[PDB]
């Protein structure tokens, strides 16, 4: 419905900055996203058994979740630097290829991100801009169209 262009990349960057936060807020944010993902595709949980996915309060899972948002952070932050973004998205792709992650999952994840962010920011967020840019980030991780 909208493309991840200059302006929408600029917007998402700002809004991420504001939603992402730090310390305890970041842990909570990290958790809220995964829980929303799991609520939508409880199937996906089995992929996270090695990282105590059964319990989203387990420290090993917090680390994993913060680690994920860490990757998302690099991607969003370089939306305006295509070459760097490409290099980061390839690194991530290499780390997700081999795993059996159907589009179904990335799709739920995206919905979680958008859901939790909209909560963080109240009115001040653009759903269509986010949707486009997360889609764009996810394409590079899947390697699929």
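Numbering follows the first chain given and starts at 1.
Student: For the higher mean C-alpha B factor in the entry, choose 95-103 or 116-124.
Tutor: Per the PDB entry, the higher value belongs to 95-103.
Student: Between 60-68 and 31-39, which has the higher average C-alpha B-factor in the PDB entry?
Tutor: Averaged over C-alpha atoms, the B-factors run higher in 31-39.
Student: Return the residue from 83, 47, 76, 89 that has the highest Cα B-factor in the entry.
Tutor: The listed residue with the largest C-alpha B-factor is 47.
Student: Comparing residue 6 with the other modelled residues of its chain, is its CA B-factor in the lowest, middle or highest third?
Tutor: Ranked within chain, residue 6 CA B lands in the middle tercile.
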